[PDB]
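Chains as they are written, first to last, in my numbering: chain A, 113 to 345; chain B, 6 to 147. Here a beta-carbon is modelled for each residue, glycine too, at the ideal position from N, C-alpha and C. Inspection log for the structure reproduced underneath, given as structure tokens.
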């Protein structure tokens with residue numbers, strides 16, 4: 113892809129004591145037009161991985177097809193596809209990052225930012241990032257687009273270093289994610305009110321909440337704002 | 006009238022047969038037993054694995070192979086030829102799903118495998134498959 117067209121805005125994610133949380137809206141933007149309402153940008157892989165994809169929606173569908181084919185080919189000639197040889201988040205991220213770097217080096221990249229979030233077999237939380245350039249980095253808080261500027265500072269207030277990960281609970285992390293989504297809906301023009309949220313917990317497994325909405329919106333103070341400054345009424 | 010018609014593949018004997026194909030069939034007859042049974046809403050495959058020695062790890066050395074997420078395949082004869090055939094079938098199903106999104110129909114997959122095995126009987130440069138394959142699964146037509 114040389115020029116992105118239909119785009120997804122942001123994907124936010126954060127670690128917590130027993131796993132990871134990720135979230136992304138359901139909006140497909142035709143540049144400055146919010147054309148498609150209801151487009152799932154979180155792709156679950158297995159029962160232990162979630163891939164959040166922002167950017168070109170066609171390349172996102174291509175990555176969906178690639179992930180489904182990878183799941184299919186992992187079942188081939190494998191009796192332990194259920195466990196001990198199931199797809200791990202690290203494998204999926206390595207495959208995705210290799211694909212991104214290759215398509216970069218061929219001067220035809222997938223216009224996407226990908227966040228892989230899950231729990232390993234030994235219970236370790238895996239949270240990693242890749243982009244169209246192939247840059248890979250890990251942090252207890254990971255966001256793309258506007259979320260990298262606004263949602264990140266909020267989530268980092270919850271978890272500022274690795275020592276804070278065991279202290280953070282699932283409720284605190286989910287509340288922080290919802291607050292960051294509300295802030296994004298406030299200050300991002302290419303954002304939506306509807307979003308989906310995935311929780312990969314080393315005990316409860318994969319929780320996938322769809323059709324979530326932004327609530328508790330402070331807008332009353334708008335009635336008292338009159339004029340560009342000088343105007344009284 | 007003549008002799009040596011069984012020394013080259015895709016060569017027609019005076020009767021109208023391909024003796025290399027029948028020799029491959031002889032090779033499959035030597036193989037172990039494998040069966041398939043179609044029920045009302047699906048299929049079942051079963052195979053006998055000969056315990057050559059008790060040093061073999063039981064429940065390993067599996068014989069039935071999965072194609073896509075809805076096709077099962079078993080074969081009697083030269084197991085490596087069966088693995089080659091299921092690999093080609095997986096490639097065909099992947100191409101079909103890539104272009105058409107729907108999982109490959111069972112008649113389509115059967116015709117793909119049949120055309121591959123048939124093309125393996127058109128040239129004296131390739132050996133016919135040494136396996137008989139029982140496969141199938143469930144699609145939108147049952």
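For a contact defined as C-beta to C-beta under 7 Å, what are the partners of residue i on chain B?
{"i": "residue 189(A)", "result": "70"}
Please decide whether residue i counts as near chain B, where near means a Cβ-Cβ distance under 9 Å.
{"i": "residue 215(A)", "result": "no"}
{"i": "residue 147(A)", "result": "no"}
{"i": "residue 299(A)", "result": "no"}
{"i": "residue 177(A)", "result": "yes"}
If you count every other CB in all the chains shown that lies within 10 Å of the CB of residue i, and 16 or more means buried, which is it?
{"i": "residue 331(A)", "result": "exposed"}
{"i": "residue 326(A)", "result": "buried"}
{"i": "residue 121(A)", "result": "buried"}
{"i": "residue 256(A)", "result": "buried"}
{"i": "residue 303(A)", "result": "buried"}
{"i": "residue 161(A)", "result": "buried"}
{"i": "residue 241(A)", "result": "buried"}
{"i": "residue 44(B)", "result": "exposed"}
{"i": "residue 142(A)", "result": "exposed"}
{"i": "residue 96(B)", "result": "exposed"}
{"i": "residue 175(A)", "result": "buried"}
{"i": "residue 259(A)", "result": "buried"}
{"i": "residue 131(B)", "result": "exposed"}
{"i": "residue 119(A)", "result": "buried"}
{"i": "residue 86(B)", "result": "buried"}
{"i": "residue 66(B)", "result": "exposed"}
At a CB-CB cut-off below 8 Å, which residues of chain A make contact with residue i?
{"i": "residue 73(B)", "result": "184"}
Using a Cβ-Cβ distance under 9 Å, would residue i count as near chain A?
{"i": "residue 103(B)", "result": "yes"}
{"i": "residue 67(B)", "result": "yes"}
If the cut is a Cβ gap below 7 Å, which residues of chain A does residue i touch?
{"i": "residue 99(B)", "result": "181"}
{"i": "residue 95(B)", "result": "188"}
Measure from the alpha carbon of residue i to the alpha carbon of each residue in the options, then state which is nearest.
{"i": "residue 157(A)", "options": "198(A), 142(A), 170(A)", "result": "198(A)"}
{"i": "residue 236(A)", "options": "305(A), 274(A), 220(A), 322(A)", "result": "274(A)"}
{"i": "residue 227(A)", "options": "243(A), 234(A), 218(A)", "result": "243(A)"}
{"i": "residue 285(A)", "options": "119(A), 113(A), 134(A), 118(A)", "result": "134(A)"}
{"i": "residue 142(B)", "options": "41(B), 97(B), 105(B), 59(B)", "result": "41(B)"}
{"i": "residue 313(A)", "options": "123(A), 127(A), 116(A), 117(A)", "result": "127(A)"}
{"i": "residue 137(B)", "options": "20(B), 14(B), 33(B), 18(B)", "result": "33(B)"}
{"i": "residue 140(B)", "options": "130(B), 99(B), 68(B), 132(B)", "result": "68(B)"}
{"i": "residue 307(A)", "options": "316(A), 315(A), 292(A), 270(A)", "result": "292(A)"}
{"i": "residue 234(A)", "options": "345(A), 344(A), 130(A)", "result": "130(A)"}
{"i": "residue 80(B)", "options": "46(B), 135(B), 62(B), 116(B)", "result": "135(B)"}
{"i": "residue 225(A)", "options": "177(A), 193(A), 163(A), 261(A)", "result": "163(A)"}
{"i": "residue 170(A)", "options": "186(A), 183(A), 152(A)", "result": "152(A)"}
{"i": "residue 267(A)", "options": "337(A), 187(A), 334(A), 289(A)", "result": "289(A)"}
{"i": "residue 319(A)", "options": "148(A), 154(A), 145(A), 189(A)", "result": "154(A)"}
{"i": "residue 49(B)", "options": "30(B), 56(B), 63(B), 70(B)", "result": "70(B)"}
{"i": "residue 77(B)", "options": "65(B), 124(B), 90(B)", "result": "90(B)"}
{"i": "residue 221(A)", "options": "172(A), 188(A), 232(A)", "result": "172(A)"}
Of all the CB atoms in chain E, is at least one closer than 9 Å to the CB of residue i?
{"i": "residue 267(A)", "result": "The structure shown contains no chain E; its protein chains are A and B."}
Can you give, in chain order, each stretch of the beta strand (DSSP E) that sits fully within the segment 186-239 of chain A and has at least 3 residues?
224-231
Going residue by residue through the segment 242-321 of chain A, where are the continuous beta strand (DSSP E) segments of at least 3 residues, counting only ones entirely within it?
253-255, 306-313
Extract the residue ranges of the alpha helix (DSSP H) inside the segment 13-80 of chain B, only unbroken runs of 4 or more that lie entirely within it.
24-35
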